[PDB]
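Here the structure comes first, spelled out in structure tokens, and everything after it is commentary.
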Amino acid sequence: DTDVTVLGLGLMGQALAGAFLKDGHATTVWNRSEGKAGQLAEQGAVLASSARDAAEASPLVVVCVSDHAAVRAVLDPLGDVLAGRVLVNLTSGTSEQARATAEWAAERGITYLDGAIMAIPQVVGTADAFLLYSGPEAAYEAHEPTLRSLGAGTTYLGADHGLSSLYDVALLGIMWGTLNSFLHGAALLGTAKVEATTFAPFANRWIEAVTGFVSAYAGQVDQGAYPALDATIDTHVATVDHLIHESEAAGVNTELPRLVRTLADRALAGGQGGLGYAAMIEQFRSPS
Amino acid sequence: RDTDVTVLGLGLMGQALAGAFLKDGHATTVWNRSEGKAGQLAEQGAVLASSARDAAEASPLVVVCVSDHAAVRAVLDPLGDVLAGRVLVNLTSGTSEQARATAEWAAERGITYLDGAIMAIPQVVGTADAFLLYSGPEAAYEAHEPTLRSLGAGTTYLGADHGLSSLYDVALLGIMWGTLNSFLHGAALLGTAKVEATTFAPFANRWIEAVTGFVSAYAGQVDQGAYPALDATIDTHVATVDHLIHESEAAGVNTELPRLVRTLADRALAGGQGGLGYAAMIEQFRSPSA
Ligand SMILES: NC(=O)c1ccc[n+]([C@@H]2O[C@H](COP(=O)([O-])OP(=O)(O)OC[C@H]3O[C@@H](n4cnc5c(N)ncnc54)[C@H](OP(=O)(O)O)[C@@H]3O)[C@@H](O)[C@H]2O)c1
Ligand SMILES: NC(=O)c1ccc[n+]([C@@H]2O[C@H](COP(=O)([O-])OP(=O)(O)OC[C@H]3O[C@@H](n4cnc5c(N)ncnc54)[C@H](OP(=O)(O)O)[C@@H]3O)[C@@H](O)[C@H]2O)c1
Ligand SMILES: OC(O)(c1ccccc1)C(F)(F)F
Ligand SMILES: OC(O)(c1ccccc1)C(F)(F)F
Ligand SMILES: [Mg+2]
Ligand SMILES: [Mg+2]
Numbered sequence: 010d011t012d013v014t015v016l017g018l019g020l021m022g023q024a025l026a027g028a029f030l031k032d033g034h035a036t037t038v039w040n041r042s043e044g045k046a047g048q049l050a051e052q053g054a055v056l057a058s059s060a061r062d063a064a065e066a067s068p069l070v071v072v073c074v075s076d077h078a079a080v081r082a083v084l085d086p087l088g089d090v091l092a093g094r095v096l097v098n099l100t101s102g103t104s105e106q107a108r109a110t111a112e113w114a115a116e117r118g119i120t121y122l123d124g125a126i127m128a129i130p131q132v133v134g135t136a137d138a139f140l141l142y143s144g145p146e147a148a149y150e151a152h153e154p155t156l157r158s159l160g161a162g163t164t165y166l167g168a169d170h171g172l173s174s175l176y177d178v179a180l181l182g183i184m185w186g187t188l189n190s191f192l193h194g195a196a197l198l199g200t201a202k203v204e205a206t207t208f209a210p211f212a213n214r215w216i217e218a219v220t221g222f223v224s225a226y227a228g229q230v231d232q233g234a235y236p237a238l239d240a241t242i243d244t245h246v247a248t249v250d251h252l253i254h255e256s257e258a259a260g261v262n263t264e265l266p267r268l269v270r271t272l273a274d275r276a277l278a279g280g281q282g283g284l285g286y287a288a289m290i291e292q293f294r295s296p297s
Numbered sequence: 009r010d011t012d013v014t015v016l017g018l019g020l021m022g023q024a025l026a027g028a029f030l031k032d033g034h035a036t037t038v039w040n041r042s043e044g045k046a047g048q049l050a051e052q053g054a055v056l057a058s059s060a061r062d063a064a065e066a067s068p069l070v071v072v073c074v075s076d077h078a079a080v081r082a083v084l085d086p087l088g089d090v091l092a093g094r095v096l097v098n099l100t101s102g103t104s105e106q107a108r109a110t111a112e113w114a115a116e117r118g119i120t121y122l123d124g125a126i127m128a129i130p131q132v133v134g135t136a137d138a139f140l141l142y143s144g145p146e147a148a149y150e151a152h153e154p155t156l157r158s159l160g161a162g163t164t165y166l167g168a169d170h171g172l173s174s175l176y177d178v179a180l181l182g183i184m185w186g187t188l189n190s191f192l193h194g195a196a197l198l199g200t201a202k203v204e205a206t207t208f209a210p211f212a213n214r215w216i217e218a219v220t221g222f223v224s225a226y227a228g229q230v231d232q233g234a235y236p237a238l239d240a241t242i243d244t245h246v247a248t249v250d251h252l253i254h255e256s257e258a259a260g261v262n263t264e265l266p267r268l269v270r271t272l273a274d275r276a277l278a279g280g281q282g283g284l285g286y287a288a289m290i291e292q293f294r295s296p297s298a
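Protein sequence lines, in the order shown, are assigned to chains C and P.
Quick note on the working numbering: the first sequence kicks off at 10 and runs consecutively.
Quick note on the working numbering: the second sequence kicks off at 9 and runs consecutively.
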């Protein structure tokens, strides 16, 4: 008998199991492919022979596989064994997928939490890891002390199982937006032989300033009123052109700032050049 | 009146620059092309010059913050003699080429010149969190840093090439648009589930702070040209990019951002780089689209 089971031992599942073990929890693990549990076994994990055996070992069963199709493949034969345990699904997917698994679980009397890991594997188990959970509040509250091994930023969103996925994809969008523009900046700076590691601390200090703009612009989005207290969209677009021109002169890719300019051009066509950047929200509300 | 610092250009940003100099006790002369922008500044003790030439003559340090390079040239071209013996600081946005052109103009005339970038909004200027970047002669930066620091404790020197400030500036501003656009898309998506943008924001900001750890790690990989998937493979990324596209389509919101993310990542996939870390995406930014 163990405290927690982890099903799926990819890069992330391995970190999940490792964090549970670091905090002293008796942990059972299983993976479809043999040979991914070596380090975990040395740390004290129990290697279950089968997914069914693994599920039977613990009152809390955590799944972290590639996608919804994998989740269904692992879970579909475990409907009997999972009854009366709490199943926690940390696999990425859509709100629709999460609601489908929630319906599957409810038909079978399995209490279900659907979560999103807002961390990389190396940050799991530390104070900086953040994780979001949706489903029954009482099940979250009953298992939170154990789930908190995965990160101090463990947080409950609400009863609708799909919420975790909705927040997750919205947040992941920000990751790509920030990383892609960082990489474009590094490519541009690399033409002047500025190393990416030289640029990074400037990028990160600036990103910290940008979080203040996020908070201010969020208030403006909630009002539907976008005064240019800092800078007008017209002022922004003049600098977008500088980025385009600088990139062209350096011979690097310009797809990112070209899309920025295209989207801002729609606001300008709507007469919003004199408003603050938060007015751009109107360009994201509907398809082009 | 003899003053410590002159500000030419009293837009939203110029007003904040002049205000910060005044807050720190510096005698400040101001000028703007259009009359009537300086009322609040005058009440704070700014001296309102009648002309740009009079303003430039009042101080040993002259700061310009106008719309663009064309405006800078319009203001400065007649001041080549007046600027003799003074240090000119240009905080106007522009390209590295424009900065080097103004630097050449200044050098022909013996005007010591610093080219800077304001990595802050007007309300943050004059606080400890404001970040500003300067390029040009190190000795001139060192001589005027105590006064320049009135604009922000994050005042920093980049190097001797005057164009560096602009190169860093546009690279950094790209990050601002990338982050803000994706935040606004996320807010639009969450709004369909009745989540307010102000509810989402603290989650976005906590996550953005985690992403800075990825920036630092990936930068090291960029400098090595080696991109092992220590966290997640590009294949794993693209599966979540599709979730974002599908979620956005189901919610009826715009999908242009994640579609471009997918397009760019598909180029890495076509090159066989699905099993590498996301830092390998640097190769998609090095050259024009084919
Ligand atoms: N890595 C990260 O930074 C990170 C961060 C946040 C969220 N996540 C999410 O966490 C999940 C796992 O990612 P990862 O990085 O651990 O991926 P990974 O290294 O690709 O692991 C995928 C896992 O899914 C299993 N799997 C795939 N298809 C299966 C099937 N048909 N039946 C049973 N098991 C199957 C794999 O088993 P085999 O070993 O047998 O192939 C493996 O355990 C993904 O949803 C991902 O988006 C990852
Ligand atoms: N606002 C921000 O958050 C921010 C942040 C960082 C950097 N910046 C940069 O700071 C600079 C100023 O931005 P801002 O927000 O202050 O813009 P702004 O409010 O639009 O001000 C533009 C300024 O330039 C002057 N100007 C324009 N053309 C001129 C010319 N031919 N001759 C003389 N003066 C001229 C204007 O004078 P009039 O009043 O007579 O038109 C005004 O003082 C821009 O390069 C901008 O990108 C701004
Ligand atoms: O790019 C900008 O619009 C900007 C806004 C906010 C903070 C820094 C820069 C500007 F054009 F004003 F520089
Ligand atoms: O979106 C992801 O690639 C990811 C990577 C790093 C941190 C969070 C999420 C994943 F697909 F893995 F979820
Ligand atoms: Mg070269
Ligand atoms: Mg090397």
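Even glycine gets a Cβ: it sits at the ideal position worked out from N, Cα and C.
Among the residues facing chain C, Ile242 (chain P) is not included, as its CB has no counterpart in that chain under 8 angstroms away.
Measuring C-alpha to C-alpha distances from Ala247 (chain C) to each of C:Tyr226, C:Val269 and C:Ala234 identifies C:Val269 as the nearest. Contact between the segment 240 to 259 of chain P and the segment 185 to 202 of chain P is established, with three or more Cβ pairs separated by less than 8 angstroms.
Taking 8 angstroms as the cut-off, the Cβ atoms of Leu181 (chain C) and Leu252 (chain P) count as close. Between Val178 (chain P) and chain C, the shortest Cβ-Cβ separation is below 8 angstroms.
In this structure, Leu197 (chain P) has its CB at a distance of at least 7 angstroms from all heavy atoms of ligand 4. Remark: the C-beta of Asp239 (chain P) is in contact range of ligand 1, defined as less than 7 angstroms to any heavy atom. The segment 110 to 129 of chain P makes contact with the segment 83 to 102 of chain P: 3 or more CB pairs, one atom from each, lie closer than 8 angstroms. Note on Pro130 (chain C): 16 or more other CB atoms within 10 angstroms of its CB, so buried under the neighbour-count rule. If you check the C-beta of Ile183 (chain C) against ligand 4, you find no heavy atom less than 7 angstroms away. Near chain C, meaning a CB-to-CB distance below 8 angstroms, no residue of the segment 51 to 74 of chain P qualifies. Secondary structure note for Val90 (chain P): it is in no beta strand (DSSP E), with a DSSP letter that is neither H nor E. With respect to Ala107 (chain C), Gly17 (chain C) sits apart: the two C-beta atoms are not nearer than 8 angstroms.
A direct Cα-to-Cα measurement between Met21 (chain P) and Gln48 (chain C) gives close to 56 angstroms. For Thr248 (chain C), the CB stays at least 7 angstroms from every heavy atom of ligand 5.
In the structure shown, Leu172 (chain P) adopts helical secondary structure according to DSSP, grouped into three states. Between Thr241 (chain C) and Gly282 (chain C), the beta carbon gap of about 6 angstroms places them in contact (Cβ cut-off 8 angstroms).
Sixteen is the threshold: since fewer than 16 other Cβ atoms of the shown chains lie within 10 Å of the Cβ of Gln232 (chain C), the residue is exposed.
Taking CB atoms only, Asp231 (chain C) has a neighbour in chain P less than 8 angstroms away. A heavy atom of ligand 6 is found nearer than 7 angstroms to the CB of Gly233 (chain P). For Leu122 (chain P), the beta-bridge partners assigned by DSSP are P:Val97. If you draw a 10 Å sphere on the C-beta of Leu156 (chain P), you find 16 or more other C-beta atoms in it, and that means buried. Around the C-beta of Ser67 (chain C), 16 or more other C-beta atoms lie within 10 Å, and the residue is accordingly described as buried. Spatial neighbours of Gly53 (chain P) in its own chain (CB-CB distance under 6 angstroms, excluding positions within 5 residues in sequence) are listed in chain order as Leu30. With respect to chain P, the C-beta atom of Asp85 (chain C) has no partner C-beta closer than 8 angstroms. Under the Cβ criterion of 8 angstroms, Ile119 (chain P) is not counted among the residues facing chain C.
Beyond the five residues adjoining it in sequence on each side, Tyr165 (chain P) comes within less than 6 angstroms, by CB distance, of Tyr142 and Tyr149 in the same chain, given in chain order. Taking each of C:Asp89, C:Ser174 and C:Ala26 in turn and checking the Cα distance to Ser101 (chain C), the smallest one comes out for C:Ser174. Going by C-alpha positions, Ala115 (chain C) is about 10 angstroms away from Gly88 (chain C). Excluding the 5 residues flanking it on each side, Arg275 (chain P) has same chain C-beta neighbours closer than 6 angstroms at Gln292, in chain order.
For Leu140 (chain P), no Cβ of chain C is located within less than 8 angstroms of the residue's own Cβ. Taking the beta carbon of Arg294 (chain P) as reference, the chain C residues within 8 angstroms of it are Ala196, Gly199, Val261 and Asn262, listed in sequence order.
For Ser174 (chain P), the shortest C-beta to heavy atom distance toward ligand 3 is 7 angstroms or greater.
Counting other Cβ atoms within 10 Å of its Cβ, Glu146 (chain P) stays below 16 and is therefore classed as exposed. What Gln281 (chain C) touches in chain P, judged by beta-carbon distance under 9 angstroms, is nothing: the nearest beta carbon there is about 13 angstroms away. Taken from the Cβ of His245 (chain P), at least one heavy atom of ligand 4 lies inside 7 angstroms.
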